[PDB]
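Let us start with two forms of the same protein chain, each given on its own as structure tokens and named structure 1 and structure 2.
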Structure 1
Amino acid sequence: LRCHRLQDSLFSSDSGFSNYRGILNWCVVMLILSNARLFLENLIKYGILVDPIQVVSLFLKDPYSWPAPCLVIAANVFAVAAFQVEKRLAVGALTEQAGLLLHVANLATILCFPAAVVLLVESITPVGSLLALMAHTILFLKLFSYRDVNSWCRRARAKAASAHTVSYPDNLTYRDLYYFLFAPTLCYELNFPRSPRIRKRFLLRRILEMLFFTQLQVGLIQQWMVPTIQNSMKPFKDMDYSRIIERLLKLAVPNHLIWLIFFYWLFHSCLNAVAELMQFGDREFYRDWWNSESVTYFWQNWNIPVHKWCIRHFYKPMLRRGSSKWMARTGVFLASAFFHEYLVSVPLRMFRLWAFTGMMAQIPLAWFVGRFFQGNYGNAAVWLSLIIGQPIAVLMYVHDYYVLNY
């Protein structure tokens, strides 16, 4: 017969192969070969400690020497307040308008309370402040979704009244609320899927991944970025465009590797360990944002929880009350910009309005990268826009904070 068809090479720009589940394993085996000795040593060095019980005792002993773990616990009063308004509204008291009013007040409190606490307390640490604010914004989004879902189901029951799974009002229990609050999802939904069992092997591999990547990220920072920042210490507040760009083009690639490591550390190790502990079963926190040949396709697959929340609690609910689809999309982007700014600035007390500018510039950049570049070159443009792009904003914040405190 024949032995020579007419085909193309697999790496060729037009073959359509896309089966590279051996390049990720190559990255894994090379990372292990390079850092396994140090990881084993550091694990034996920092595993002999009894951190959890000693630290929780040292904290409960003095509930004023750690204000961030105090705010994390104080958010429970907002959780319980939302639950109480919801239960009263389900029984019948506090008619719909009053219920919406109370929930708006409670959510505005969830936001503007820890901002004031970390802006009017000087004994608090930036990392602790950031974790407090992140717990509170996650609680805010979760409670917004809780309110929306219970509103929908209650109005559905009321409409039906004029004529194993769980119906509307029988879900309002504290066990339900506190399984939802700790679940790896910002989208509330009755009858969350479940997994069969715990899979100890899986949880062990995930915790190993968390520890290994923590060590890797600390090494990256303390051996590639701190030395580079200390090479020429001048805050980005005053430097002109030339100098700020010349500094960022040297600080960008280590920043990008830290970003990728942190993506894998959170969105696949932390969330998967959580969702495995308490069987959650969805376990789809990202999609192929890496082979994303457009900016608008990157944001749809990066950080799936926040994105599906944005969709079905801010974009579709605003298209229902038809509001100029373009305007509602701009509103989605505006809310996300505000939240990125509020997360990065307030812990550092800075108000340069930079992460806001990045998230807003994501619109013209989307138009640009869509109209000009296409295919694999569009993908390379998206990667370039992630190397400098938006993460450089958080880099600028942390750098100008480190250059003024050490």
Structure 2
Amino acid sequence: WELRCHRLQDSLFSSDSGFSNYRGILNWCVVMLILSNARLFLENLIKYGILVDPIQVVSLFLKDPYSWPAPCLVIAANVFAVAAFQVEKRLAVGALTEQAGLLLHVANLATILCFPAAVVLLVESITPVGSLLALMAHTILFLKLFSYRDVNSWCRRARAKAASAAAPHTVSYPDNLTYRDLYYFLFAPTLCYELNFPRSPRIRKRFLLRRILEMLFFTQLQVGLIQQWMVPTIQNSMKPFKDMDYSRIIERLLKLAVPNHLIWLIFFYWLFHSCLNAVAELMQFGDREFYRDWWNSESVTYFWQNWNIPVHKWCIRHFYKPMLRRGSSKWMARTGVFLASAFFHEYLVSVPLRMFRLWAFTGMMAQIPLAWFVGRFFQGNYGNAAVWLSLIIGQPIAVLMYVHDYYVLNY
């Protein structure tokens, strides 16, 4: 008799094998990055490890509040973060009938956006990477206060209706309107409010240390990137894109499309994993699903929903499902989310740098002519390559243009 030892199978790397267990290409990345930067990092963590006075700068800011206006705006955000809580406590019981409460919420939410978009423009002494750290706070606060309105209104209407008729600290409606949990919400790494968030058992000092080291390593890595690889390429030709021709633009962009993409990947891993896990660890949060696998995204429409899960499940719950419930024309809703995304794009990248060329708008617009294209022609492990190319020459380029035209006009 014969019992065969050769089955009929496929190589693990092959397209039609369906293996998908490459956790270890990832550790190769980590090991190589560490072997290549684990002396420059140990030297920079010394030369900047005692020469940053992390306690004297707060006293120098206390020495003058009107200088350094960026932390001034960040602390000023509490005015809105408290006015909204005050509206909630007002209509929590008997005051401020839903009409007035809703109009007050709309006014407060509008001023959260319109106040820094005015301060950072008029006030001159503000820095671009310091203006961004006020706008990326006054949009997160706006997105959080939107849902803080919505969840409470929904639960309050539910209690109003239940007025027409537990032990495991599951906080009911009115008992969640304390300052402590509002603040815990604001710092929590999520944009969708919810009574009695999940919690994690402990703090896990090890995990927090590893995440802090990831942040301190990746910021140093991409500073190395910006200084060595991308500033020389720019100042070899300090001609700003605002006047160059659509033929020289591309010639000069191909020399930056790769380093740009690399610093964007490093931004993602530094921000959406390491920083948000440090936050969600200190304040025991436990959810920690900030991104799905956007990398193996066979089509771009699937990539748009899996990086930055917080924003996407905020959309799908407070912008999409509400405006399909009491509405229709779902394509109009997809358009609405595209327009809101374009507004926040052109508000976060164009306001701090005071440019309004509306390049990022063309970048967001040219995604649909690319989305339908990739979803129509490519499939599988070539649709994934189409998405990976779109992430190189697509949207991040439309921010590289702004930062290039700014660095050129000033150095």
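Only residues modelled in both forms are compared. In this text, the rigid core denotes the largest set of C-alpha atoms whose superposition between the two forms falls within 1.5 Å. Residue positions are counted from 1 along structure 1's sequence.
Superposing the two forms on their core leaves just one of 380, 33, 49, 27 with a Cα displacement of at least 2 Å between structure 1 and structure 2, namely 49. Once the core is aligned between structure 1 and structure 2, the alpha carbon position of residue 114 differs by 0.4 Å; this is the C-alpha shift at that site. Core-based alignment between structure 1 and structure 2 gives a C-alpha movement of 1.0 Å at residue 352.
Structural comparison between structure 1 and structure 2 after rigid-core fitting shows the C-alpha of residue 362 displaced 2.2 Å. The rigid-core fit between structure 1 and structure 2 yields the following 3+ residue runs with every Cα displaced by 2 Å or more: 49 to 52, 359 to 364.
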